[PDB]
Amino acid sequence: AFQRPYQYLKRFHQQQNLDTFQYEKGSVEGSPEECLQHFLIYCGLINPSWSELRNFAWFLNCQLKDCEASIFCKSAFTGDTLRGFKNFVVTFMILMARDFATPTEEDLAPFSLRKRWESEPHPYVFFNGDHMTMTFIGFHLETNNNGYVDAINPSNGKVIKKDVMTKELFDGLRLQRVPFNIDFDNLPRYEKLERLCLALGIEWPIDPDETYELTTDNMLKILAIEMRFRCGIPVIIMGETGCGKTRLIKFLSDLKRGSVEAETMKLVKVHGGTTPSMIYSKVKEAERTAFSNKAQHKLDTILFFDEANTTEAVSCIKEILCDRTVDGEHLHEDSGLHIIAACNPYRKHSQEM
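In structure tokens form, the structure reads like this:
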């Protein structure tokens, strides 16, 4: 997980071609401090933790794994004019990592002060695992006067990521007919559902509930959640009780299961009275249910914690997924279970209130 992004970014540091195959499964020469510094500099954070670097590492790992899952490298080999694409890839991965995991009264400074909201760009590109294409939601591309293409956002304008790549990649992908710059504010329900099921790696798209209007921001948040618990990053959703959260991942799980009538979404209401024993019991029972579902259907269940902040056991809600442990026993990485939690924001009342 820490190796492959290191192998790519070490060669990305000094501008060099990468047409030679990578992932040799053996450790090439590498030193601790050089890779540590390289991960530090390209992350954006000036004072990052170790968890943030781990999160960036797993995100790059999962993104490169998606890249090798598709046949883009093989198509580059067989078409013989597709290189330099990986440079645009890696630049965009830095961009979405900066969109993902670089956060930032005198006592709510760490908690209430939220430097980033949903009123920020979400340029989202995924290499789907079920198919051999790529999909884009949440951003637009526009050509510039220096021969390159810049990224712009809806409702405003922005000049992020100047000087990305040349025109040969654009010509190649236009030959491959991949949906670049598709605006989802004027697309019908069937096509948006097809794109969503293409992105989540879901086969045989079936409508679970037509009444669930699925906006562009809904693409962004659903795919962010799925990406978060695909790459292994803990899923904590800092949305107010106003925002629709339970319905969101209920819809996600309903699509994920497809047509089975088993129990795939376990909704645990977290609450002030949630003693730690409550949490371990619920997680263990849902973990046995996860064994059953994975063994019988090759299907992944989800354990969703509602308002997982009012309890005094938020550390219990943290250990189950940050370091993969429940009540002091190492949870099984093979088991198969997506544990997500929804944490309420922090803000004082208005003084008159």
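Read in order, the letters of the sequence shown correspond to residues 2124 to 2227, 2247 to 2495 in the deposited numbering.
Don't be surprised by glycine CBs; every beta carbon is placed ideally from N, CA and C.
Residue i burial status per 10 Å Cβ neighbour count (16 or more: buried)
i            : result
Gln2130      : buried
residue 2510 : For residue 2510 there is no data in the structure shown, the boundaries of the chain being 2124 and 2495.
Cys2339      : buried
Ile2169      : exposed
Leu2479      : buried
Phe2200      : exposed
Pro2252      : exposed
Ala2341      : buried
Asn2178      : buried
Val2320      : exposed
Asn2270      : buried
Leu2362      : buried
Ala2404      : exposed
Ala2437      : exposed
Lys2148      : exposed
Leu2317      : exposed
Straight-line gap, residue i to residue j (C-alpha atoms, nearest Å)
i            : j       : result
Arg2372      : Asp2203 : 32 angstroms
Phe2135      : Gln2160 : 14 angstroms
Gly2381      : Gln2138 : 41 angstroms
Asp2305      : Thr2214 : 10 angstroms
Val2151      : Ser2457 : 38 angstroms
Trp2173      : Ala2180 : 10 angstroms
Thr2358      : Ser2419 : 40 angstroms
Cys2166      : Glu2157 : 15 angstroms
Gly2374      : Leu2205 : 31 angstroms
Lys2460      : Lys2426 : 15 angstroms
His2439      : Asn2360 : 28 angstroms
residue 2228 : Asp2272 : Since the model of the chain passes from 2227 to 2247 in one step, residue 2228 is not part of what is shown.
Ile2164      : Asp2142 : 25 angstroms
Own chain residues within Cβ distance below 7 angstroms of residue i, not counting five before or after
i       : result
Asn2323 : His2282, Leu2283
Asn2210 : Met2307
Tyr2422 : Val2468, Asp2469
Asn2451 : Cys2485, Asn2486
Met2274 : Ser2193, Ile2194
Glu2368 : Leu2342, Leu2394
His2264 : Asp2222, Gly2280, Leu2362
Close-in-space but distant-in-sequence residues of the same chain around residue i (CB under 6 angstroms, 5 per side omitted)
i       : result
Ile2344 : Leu2397
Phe2208 : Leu2311
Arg2256 : none
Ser2395 : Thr2406, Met2407, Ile2444
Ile2482 : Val2377, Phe2446
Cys2464 : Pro2376
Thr2225 : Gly2167, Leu2168
Cutoff 8 angstroms; reference residue i; Cβ partners in own chain excluding five residues on either side
i       : result
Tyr2146 : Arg2127, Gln2130, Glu2191
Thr2383 : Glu2449, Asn2486
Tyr2290 : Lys2304, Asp2305, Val2306, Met2307, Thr2308
beta-carbon residue i near the ligand COA non-hydrogen atom, thresh 7 angstroms
i       : result
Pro2296 : What this structure holds is no ligand at all, so the ligand COA is not there to describe.
Closer than 8 angstroms to chain B by CB, residue i
i       : result
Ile2379 : Absent here is chain B; the protein component of the structure consists of one chain.
Given 8 angstroms, three or more beta-carbon pairs between the region 2172-2191 and the region 2212-2224: yes
Would you say the region 2455-2475 touches the region 2387-2395, given that touching needs at least three Cβ pairs under 8 angstroms? no
Mind listing, in chain order, the continuous beta strand (DSSP E) runs of no fewer than 3 residues lying wholly within the region 2416-2456? 2444-2448
Give the list of continuous alpha helix (DSSP H) stretches no shorter than 4 residues that lie fully inside the region 2294-2336. 2309-2318
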